[PDB]
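Worksheet: one structure, shown below.
Every residue, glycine among them, receives a Cβ derived from its backbone with ideal geometry; neighbour counts consider all protein chains shown. Bear in mind that the values in this text are calculations on the coordinates, not laboratory data.
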Amino acid sequence: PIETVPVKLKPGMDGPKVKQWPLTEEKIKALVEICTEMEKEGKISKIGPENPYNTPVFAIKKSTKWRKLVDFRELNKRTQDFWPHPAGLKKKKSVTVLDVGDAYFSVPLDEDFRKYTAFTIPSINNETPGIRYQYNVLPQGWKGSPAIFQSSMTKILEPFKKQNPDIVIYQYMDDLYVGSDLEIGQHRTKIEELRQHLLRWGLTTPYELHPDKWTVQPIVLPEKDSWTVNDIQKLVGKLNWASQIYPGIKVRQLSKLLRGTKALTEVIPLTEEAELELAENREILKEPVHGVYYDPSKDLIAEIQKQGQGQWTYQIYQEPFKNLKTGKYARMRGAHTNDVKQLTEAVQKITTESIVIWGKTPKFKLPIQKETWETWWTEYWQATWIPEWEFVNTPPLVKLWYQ
Amino acid sequence: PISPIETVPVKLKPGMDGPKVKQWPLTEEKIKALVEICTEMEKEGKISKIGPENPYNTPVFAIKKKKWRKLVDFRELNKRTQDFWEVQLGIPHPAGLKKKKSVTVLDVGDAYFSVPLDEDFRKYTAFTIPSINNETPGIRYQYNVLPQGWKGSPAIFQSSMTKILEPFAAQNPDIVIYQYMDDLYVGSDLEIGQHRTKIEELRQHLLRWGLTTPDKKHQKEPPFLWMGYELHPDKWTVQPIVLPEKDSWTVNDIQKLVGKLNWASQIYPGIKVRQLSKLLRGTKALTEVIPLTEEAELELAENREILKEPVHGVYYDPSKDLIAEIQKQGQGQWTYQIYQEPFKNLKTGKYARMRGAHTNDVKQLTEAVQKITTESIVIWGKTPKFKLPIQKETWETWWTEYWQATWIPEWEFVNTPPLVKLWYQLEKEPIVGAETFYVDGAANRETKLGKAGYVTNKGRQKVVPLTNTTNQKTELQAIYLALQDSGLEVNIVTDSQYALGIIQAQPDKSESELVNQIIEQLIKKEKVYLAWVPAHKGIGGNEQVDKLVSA
Ligand SMILES: C=CC(=O)N(C)CCOc1ccccc1Oc1cccc2cc(C#N)ccc12
Ligand SMILES: [Mg+2]
Ligand SMILES: [Mg+2]
């Protein structure tokens, strides 16, 4: 705890100057309590007007115990300095996620770089200017910290990996991803060991996944007793969409059944060639696509569709129509599960799944008004990271195709 | 006086050196004013004569807007000094103040000159008083305190001020102090007698740190003319708004005009500016003359009516509820009030953004609550209770069927027409016993001429010719047609993704008059169901209007 790794911003790059979002009096108070002690433990110091930098701070909950979350998105883009993501983690039968970010505050931060970590606790109604601090130790949320601490982390895990050669351990930011093909009870026991072996080496720690189920939802066609012009048009319309992706789908026999100028409500019976063309199109949709490959140099994008009744569909891709993963999340109302609650839970699940599988975060196209998000996303946010996002206007002809 | 306060370190932007602007020569009169002002300023330590090895300079000037005053041009220096934490941009809103028993305004005299300048940064402030006709060398000086008009002065001064205050507000948690620029606003609920004592204490405490201040004889009195406001002891209001009367209006005149209207709407319920702003959609040179529209004339006339009355707002009481009401004020226009007691408003405001070509009323009301929520957080650090003219039925149905995620504060319905209603609802299932129109449309992307037609399951087929339209505009006309020529219940079927999305959105107001017409139709209809099929797939019903409109 005396060695200070030197940290430098990418060439010709100044530090963050991100505006601070106003907060409720309840949230400001929680931030002043949190920062008053963090000043006592000497992890942050007050800064003077000769520091122009600024990064936003938010108060979250992760039980009456407020926490503080920092948006280092901008400084992470700007530090970006650096020293084979485990392909087997996604395959493991179990995976548990551990918060090991308190560990960072052991470690001092390069003196010259502290100015860039500046943050403001804002006041109400611009009565006072903010309270301005900057960080003395490695802050949670900065990509720098897991990289600096990498050394100590390998050191502390060498005992445990040697014992357990088949267990996969991957780190992303403040989190350790621990996977066994073990039985569950065994798995949680091996997790407790590593927890204890971490604590007793002085690394405090306070969510278990199962990537052995995650599967790209295949396209699903309705089963109806009596079809109608509408239901055939829907069915031909969807199968038409699916045909930019899967090559084998045909509609000649199915649209043949609509030759005419028919009432929509009219009942059309599924003739054989039509039924046998739809049955074959059900077996083409069972197979997965041909040539879709993860490019590590390119961003991952995630789109989300509100489906009503607590359902949300999502696609992750890097090139339009070339989906890497797809899926659907279902909430349980829980006497609330508001739209924003569900979108926020959903976004975190997609990001974890994305971390597991490729070890980075997707860029989110979010179906919501920007100002609404910027107001309420912290009332349900638990993760210590924050993915990039933008706000879209979802087409209404893709809500139903992904349904 | 100057301050025993510690200095803030300053640096130039890396790889930059100090200004070396040459001094313009001046009039012997102006030289005399500076020489006296500079010896006085020297006698107080604000500046110091320097040797000949300071390469830097910045011009200086003397003038007296018809007492003399010295002004310096720090443009080149300000270009080179580092960036600082942005001094307070936004001021507080009078509606966010808690009523106080006694309140004193203290102006800091010579604020910036009372604070020392960082030592190693002094060399870059050098200036020069010219000798008469360059006969002998002029006199070099440099600053020892915050120069007026330098880039660091506001943030460094404010910083100093805050620390200077700290010890005093540690021994007086009962006294509330705002600092804004060179001013301090101090209030208390102590007895106006002792309150005058604590004001006397603080003045002395500031004098001990170098901050001269006013006396009980010279402290400003209410009402307070502060930042376009009037602050009365029990109430606040804007300063009087005066809107020009002109026969012609330029872009500049209209900008200044919506400004003043925007201003007044924070306390005058009902201001509207939408048609006036629509004029500034031209966004051209500020001198161009804009012929006012009839809608613009009526809006400004109605604004003058409201500004005829006087209004006031009230201060904030943390122990009373916070409540917001919203009213429709006309197509696209809304107005709101925020109050803790029924007739005494903290403030008012308006919302009218369309955010796209087409909208509906529920979407706009929700966007209004959004705007109120953000403003409530900024001003009072909390969100209010909403009283709204919309029933659960209406809103619940809307946000459930809405594809976008949306947050609905708990509200109580208040009945006060115009209530907010869903003027209509497309069908979720096709309609039995209703004629199934197959619409289409088209235009030549070169001649711009076009046709919209339909063919129905009952054998009917039409085609209407269209001039100077676009494949999109015809696609909407096809639907318009099928609504005109239909019974109270119509199944429409289209191949136009464009037109589908515009309709499923269920707008009740629009920019294009076509979409306004379609809405007029949709309302009259009883059941309308709309369906989509991939174009040029030979579906049937769709192949036939395509062939038709093509021939
Ligand atoms: C008696 C009137 C009243 O109740 N006011 C003005 C609001 C009280 O709120 C203050 C609390 C502490 C210190 C000053 C207060 O009052 C002001 C607040 C903000 C800006 C002010 C600006 C001026 C001027 N000029 C005067 C008073 C101000
Ligand atoms: Mg901040
Ligand atoms: Mg067509």
> Efficiency by 1/(1 + (r/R0)^6): what FRET value for B:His536 and A:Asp212, r their Cβ-Cβ distance, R0 = 51 Å, to the nearest 0.05?
Replying inline: 0.70
>> Over chain B, what portion of Cα pair distances is larger than 32 Å, expressed as a whole percent?
In response: 65 percent
> Full extension from B:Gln425 to B:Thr293: what is 0.36 nm times the residue separation minus their Cα-Cα distance, to one decimal in nm?
Replying inline: 44.1 nm
> Using modelled amide H (1.01 Å from N, peptide plane; none on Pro or chain starts), what sits under 5 Å from the amide H of A:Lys363, excluding residues fewer than 5 places away?
Replying inline: A:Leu300, A:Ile301, A:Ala302
> Which residues does a label at A:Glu111 reach in segment A:37-58, if reach means a backbone N under 18 Å from a point 7 Å past the Cα toward the Cβ?
Replying inline: A:42-48, A:51
> Plugging the Kirkwood radius over Cα pairs into Stokes-Einstein for segment B:335-486, at a temperature of 25 °C and a viscosity of 0.890 mPa s, what D comes out in µm²/s?
Replying inline: 126 µm²/s
>> If you build the convex hull over the alpha carbons only and average its shadow over all orientations, what do you get for segment B:13-105? Give it in nm² to one decimal.
In response: 11.3 nm²
> Given a cut-off of under 8 Å on Cα pairs at least six residues apart, what relative contact order in percent is computed for segment B:207-363?
Replying inline: 20 percent
> Given H placed on each backbone N at 1.01 Å, which residues far from B:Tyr180 in sequence or on other chains put an amide H within less than 5 Å of it?
Replying inline: B:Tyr185
>> Binning at 5 angstrom from zero up to the longest distance, how are the C-alpha pair distances of segment B:317-423 distributed in percent?
In response: 2, 11, 24, 25, 20, 11, 5, 1, 0
> Nearest-5 percent of antiparallel DSSP beta bridges in the protein assembly as shown?
Replying inline: 75 percent
> What spacing in nm lies between the two simple spin-label points modelled at B:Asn468 and B:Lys524, each 7 Å away from Cα in the Cβ direction?
Replying inline: 2.7 nm
> Simple spin-label model, 7 Å along Cα-to-Cβ: A:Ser226 to B:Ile63 in nm?
Replying inline: 8.9 nm
>> Starting from the 7 Å offset along Cα-to-Cβ, what nm value, one decimal, do you get for the label separation of B:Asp189 and B:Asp118?
In response: 4.3 nm
> What list do you get for B:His205, A:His210 if you sort them by fewest beta carbons within 10 Å?
Replying inline: A:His210, B:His205
> Based only on the alpha carbon positions, what is the Kirkwood hydrodynamic radius of segment B:223-316, in angstrom?
Replying inline: 14.4 Å
> Within segment A:254-296, which GluC sites (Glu not before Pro) sit in a loop by DSSP and count at most 14 neighbouring Cβ atoms inside 10 Å?
Replying inline: none
>> Can you compute the equivalent ellipsoid semi-axes for segment B:483-551, i.e. the square root of 5 times each eigenvalue of the Cα gyration tensor, sorted largest first and rounded to whole Å?
In response: 23, 14, 12
>> Report the gain in length on full extension from B:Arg196 to B:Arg208: 0.36 nm times residue separation, minus Cα-Cα distance, nm rounded to one decimal.
In response: 2.5 nm
> Per residue of A:333-346, what is the mean number of Cβ atoms on other protein chains within 10 angstrom of that residue's Cβ?
Replying inline: 2
> Between rounded, prolate and oblate, where does segment A:209-294 land on the alpha carbon gyration tensor, with a ≥ b ≥ c its root eigenvalues, rounded for a/c under 1.5, else prolate if a/b exceeds b/c?
Replying inline: prolate
> In 10 Å bins starting at 0, how do the alpha-carbon pair distances of segment B:92-207 split up by percent?
Replying inline: 11, 34, 26, 15, 9, 4, 1
> Is there a simple number for the mean count of other chain Cβ atoms within 10 Å of the Cβ of residues in A:361-373, and what is it?
Replying inline: 3
>> Just to confirm the filter: which trypsin sites (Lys or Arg not before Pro) across segment A:287-332 are DSSP coil and have at most 10 other Cβ within 10 angstrom of their Cβ?
In response: A:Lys298
>> What's the whole-number percent of alpha carbon pairs in the protein assembly as shown lying beyond 38 angstrom?
In response: 61 percent
>> Once you order the gyration tensor axes a ≥ b ≥ c over the Cα atoms, which shape class does segment A:114-223 get: rounded for a/c under 1.5, otherwise prolate or oblate by comparing a/b with b/c?
In response: oblate
> How high is the FRET efficiency from A:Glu33 to A:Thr337, r the C-beta distance, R0 45 Å, rounded to 0.05?
Replying inline: 0.90
> Which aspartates and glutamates have a Cα less than 19 Å from the Cα of A:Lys19, not counting those fewer than 8 places away in the same chain?
Replying inline: A:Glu50, A:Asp71, A:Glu74, A:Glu127, A:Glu371, A:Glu374, A:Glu388, A:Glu390, B:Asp83, B:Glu86, B:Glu375
> Extent of segment B:424-549 along each principal axis, from alpha carbon coordinates, in Å, largest to smallest?
Replying inline: 38, 34, 22
> So what are the three principal axis dimensions of chain A from its Cα atoms, in whole Å, longest to shortest?
Replying inline: 81, 57, 46
>> Explain nothing, just compute: Karplus ³J(HN,Hα) = 6.51 cos²θ - 1.76 cosθ + 1.60, θ = phi - 60°, for every residue of segment A:37-47 in order, whole Hz, x for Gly and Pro.
In response: 6, 4, 6, 4, 6, x, 8, 8, 10, 6, 10
> Taking Rh as the Kirkwood radius computed over C-alpha pairs, what is the Stokes-Einstein D of segment B:394-456 at 4 °C in a medium of viscosity 1.567 mPa s, expressed in µm² per second?
Replying inline: 77 µm²/s
>> Using the Kirkwood radius over C-alpha pairs as Rh, can you work out the diffusion coefficient of segment A:295-402 via Stokes-Einstein at 25 °C, viscosity 0.890 mPa s, in µm² per second?
In response: 172 µm²/s
> To the nearest 0.05, how large is the calculated FRET efficiency for B:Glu393 and B:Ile132 if R₀ is 56 Å and r is the Cβ-Cβ distance?
Replying inline: 0.05
> Can you list the residues of segment B:74-88 with backbone N under 17 Å from a point 7 Å past the Cα of B:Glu44, pointing along Cα to Cβ?
Replying inline: none
> Based on Cβ point charges of +1 for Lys and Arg and -1 for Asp and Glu, what charge dipole magnitude is obtained for segment B:45-179 about its Cα centre, in debye rounded to the nearest 20?
Replying inline: 680 debye
> How well do other chains shield peptide A:238-247, expressed as the mean number of their Cβ atoms within 10 Å of each residue Cβ?
Replying inline: 1
>> Starting from a Cα-only point model with no solvent, please compute log10 I(q)/I(0) by Debye for segment A:194-340 at q = 0.10, 0.14, 0.16 1/Å.
In response: -0.56, -0.91, -1.05
